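Notes follow the structure.
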Amino acid sequence: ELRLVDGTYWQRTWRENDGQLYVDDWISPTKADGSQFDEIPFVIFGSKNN
Amino acid sequence: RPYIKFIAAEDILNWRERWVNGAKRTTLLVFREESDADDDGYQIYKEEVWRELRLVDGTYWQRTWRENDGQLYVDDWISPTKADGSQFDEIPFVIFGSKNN
Amino acid sequence: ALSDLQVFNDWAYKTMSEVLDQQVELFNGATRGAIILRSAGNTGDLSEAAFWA
Amino acid sequence: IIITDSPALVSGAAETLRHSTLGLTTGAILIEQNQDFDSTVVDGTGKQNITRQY
Amino acid sequence: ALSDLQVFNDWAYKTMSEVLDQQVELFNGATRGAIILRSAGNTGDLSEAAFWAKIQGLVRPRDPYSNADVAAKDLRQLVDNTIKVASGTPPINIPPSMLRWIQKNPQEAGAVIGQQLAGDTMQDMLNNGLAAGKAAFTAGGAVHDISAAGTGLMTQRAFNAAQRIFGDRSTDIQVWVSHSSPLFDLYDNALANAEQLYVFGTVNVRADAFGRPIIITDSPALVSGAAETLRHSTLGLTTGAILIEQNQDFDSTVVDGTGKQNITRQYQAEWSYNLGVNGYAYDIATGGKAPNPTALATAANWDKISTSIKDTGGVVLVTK
Amino acid sequence: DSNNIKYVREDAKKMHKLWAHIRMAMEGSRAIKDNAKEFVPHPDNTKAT
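Protein chains in written order, with the authors' numbering: chain A, 204 to 253; chain X, 153 to 253; chain Y, 2 to 54; chain G, 215 to 268; chain H, 2 to 321; chain F, 3 to 51.
Right under this line is the structure:
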């Protein structure tokens, strides 16, 4: 679950066990130095354009 | 002298594939060897000798089966050796084809 | 007392079968060509050959 | 003299037992194998156990 | 749960087969070793092991002044036992001609029979093991009944009775396996505590208040009767109490029987396993050489081998 | 003892027929016309008898 609040990247993941959705709290991945992220690490590439 | 036989496609009539130490090793291989009986007369017989190439505990052994006068001969197991001895680890028989050996 | 003890005897499977009785390994060559063995194919019930009498 | 206990040569019983010794030249008896050897194994269901026939 | 109705990679592409509705993950570590699922074949229709017995009069009082006459003693050798259970599969009529549904899948028939058969095979193993364990423990005199007292099921007072029965060695009981209804009765009694030893944060305890977690499965072997005569069976197990041991001899054939206007394609499967209960022997003569669940669950087909109940592993509790 | 030195594998037995027919095809017209009974079915079995 990728989200962008105030230009900042947050994510949460779900684990499902035959219909047991275990939700995780929203988390903030950061780069090696820090400063967290400015855009979502996800690109949708198509035949026409990305 | 060593002799390179040529075993016809129909002459190879038995073979066996068994793993030892996790390896493709051929354990049994039997092929027919054809010949013509040598008598003073002029009739041509057609007498066959069957060779049983066997590999036990990584050692190559050999027998020949002969057939005459209503019986089936068996000869002693022999272990052919190299000029340096040490017998053998692989049966000296190769089967080839279009796909692979 | 061996009666109180338990005895299991023993068993094994030799995976061996008796083949047959009479001698049949005289067929070709042993009879000096009297009886021979080929791998020819024939159909119907009969094969002919003509030899000019 | 080549020996085999073939029932064909016996052709007799009790006192009237008539063993037959036949002599052959080269090529006397001709037996060709038509190499048409069928060997199917059919298996069935519906019983308490899987059945197989050779 | 999963729907996967959105994308159809293939027609009914493993999407659902309602594979099973009963919890069957009760083997080895799942049962804390109580029901160990193994794979080691053995021949014949039995498996007999022999071990020495405990000499009953091993230690005797001695009168030094007069030894009198020496009492004659002797040593025996008990026999263990492990019956082999045979389980098959009814002939399954595969539709050879694809039947023209919204999902046209001929070979998916066998493809899904594989997984459904695996699930039902493990279910059958678990159910037969539980029924045989109940039968053996009942034949050994390791049963308690609290049906006549009160509602027929106490929250934790029930488990203390089984502890009393199994005796001084009660520590080695690790797991109770039970139907879901006893657990829900446990919750209901805990949710309204007479002696308030429960708090809202600790009313959902799955354990038995002694460090023995309750493992829940809806096995038909643990229930019998209906309405007023309905009874639930809860049986506690030590390590290695129930031995279900596969022989890995699964056989499967597909036959084109035909014989009718349309082709007939069938499916059949065969397998076997060895069922053993610690401290008990299956009476081969009284039962059968290839017993069925009716014979396995029937008492008097199990004999007590261990001298003491403490040696054998398992106690059964009946609750209504 | 087994004493079946002449035993042939089942798959080799299966391949004997194809091997023989390949030998016949390589052989020439004589072998095929000697055994055209298989390759050429009779136009009428009722007449064939």
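Note that the Cβ used here is the ideal one computed from N, Cα and C, for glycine as well.
Note the first and the last residue of the continuous alpha helix (DSSP H) segment covering residue i.
i	result
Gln262/H	From DSSP, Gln262/H is part of no alpha helix (DSSP H); its letter is neither H nor E.
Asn252/A	Note, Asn252/A: premise wrong, no alpha helix (DSSP H); not H, not E.
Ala159/H	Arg158 to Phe167
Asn190/H	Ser181 to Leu192
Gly111/H	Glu109 to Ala140
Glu204/A	That residue, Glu204/A, is in no alpha helix (DSSP H); it is neither H nor E in DSSP.
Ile34/F	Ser31 to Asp36
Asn47/F	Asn47 to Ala50
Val224/G	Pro221 to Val224
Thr44/Y	Where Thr44/Y is concerned, there is no enclosing alpha helix (DSSP H), given that its DSSP letter is neither H nor E.
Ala296/H	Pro294 to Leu297
Let me see if you follow: with CB-CB separation under 7 Å, is residue i close to chain F or not?
i	result
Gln249/G	yes
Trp229/X	no
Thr16/Y	no
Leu181/X	no
For residue i, does the count of other Cβ atoms within 10 angstroms reach 16, so buried, or fall short, so exposed?
i	result
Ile247/X	exposed
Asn220/A	exposed
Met17/Y	exposed
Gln269/H	buried
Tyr283/H	buried
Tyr212/A	buried
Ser220/H	buried
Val178/H	buried
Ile7/F	buried
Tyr194/X	exposed
Since residue i sits in a beta bridge, which residues does DSSP pair it with?
i	result
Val319/H	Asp146/H and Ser234/H
residue 200/A	There is no way to answer for residue 200/A, as the model of chain A reaches only from 204 to 253.
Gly237/X	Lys234/X
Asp257/G	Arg266/G
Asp304/H	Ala282/H
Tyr212/X	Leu207/X
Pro214/H	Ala208/H
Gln247/G	Answer by DSSP bridge pairing: none, since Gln247/G is not bridged.
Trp177/H	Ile215/H and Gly237/H
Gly277/H	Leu244/H
Residue i CB to nearest chain Y CB: under 7 Å?
i	result
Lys15/F	no
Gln117/H	no
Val317/H	no
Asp219/G	yes
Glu246/G	yes
Under 8 Å by Cβ, that's how I've got residue i and residue j pegged, so tell me the actual separation to the nearest angstrom.
i	j	result
residue 126/X	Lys198/X	Past the edges of chain X, shown from 153 to 253, lies residue 126/X, and the structure says nothing about it.
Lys311/H	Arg158/H	Between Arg158/H and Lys311/H the Cβ distance is about 22 Å, and since that is not below 8 Å, they are no contact.
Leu47/Y	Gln247/G	Actually they are not in contact, since the Cβ atoms of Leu47/Y and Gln247/G sit about 17 Å apart, beyond 8 Å.
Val25/H	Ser148/H	Actually they do not touch by this definition, with Cβ atoms about 28 Å apart.
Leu238/H	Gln175/H	7 Å
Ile84/H	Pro292/H	6 Å
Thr218/G	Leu27/Y	6 Å
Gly134/H	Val224/H	That pair is no contact at about 15 Å.
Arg215/A	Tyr225/A	Not a contact, Cβ separation roughly 11 Å.
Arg207/H	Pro97/H	At roughly 49 Å, the Cβ-Cβ gap does not stay under 8 Å, so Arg207/H and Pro97/H are not in contact.
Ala2/Y	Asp304/H	In fact, because the Cβ distance is near 22 Å, the residues do not count as touching under 8 Å.
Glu185/X	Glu200/X	7 Å
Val200/H	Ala191/H	That pair is no contact at about 10 Å.
Are any of the Cβ atoms in chain G nearer than 7 Å to that of residue i?
i	result
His44/F	no
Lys8/F	no
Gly222/X	yes
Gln195/X	yes
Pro92/H	yes
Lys49/F	no
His23/F	no
For chain H, find out if any of its Cβ atoms is closer than 7 Å to the Cβ of residue i; answer yes or no.
i	result
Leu3/Y	no
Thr259/G	yes
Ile264/G	yes
Chain X beta carbons: is any one of them nearer than 7 Å to that of residue i?
i	result
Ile216/G	yes
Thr240/G	yes
Could you pull the start and end residues of the beta strand (DSSP E) that residue i belongs to?
i	result
residue 1/H	Since the first residue shown for chain H is 2 and the last is 321, residue 1/H is missing from the structure and cannot be characterised.
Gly89/H	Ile84 to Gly89
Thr254/H	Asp252 to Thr254
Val80/H	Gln78 to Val80
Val182/X	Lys176 to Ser187
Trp167/X	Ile164 to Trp171
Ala51/H	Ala51 to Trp53
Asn94/H	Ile93 to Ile95
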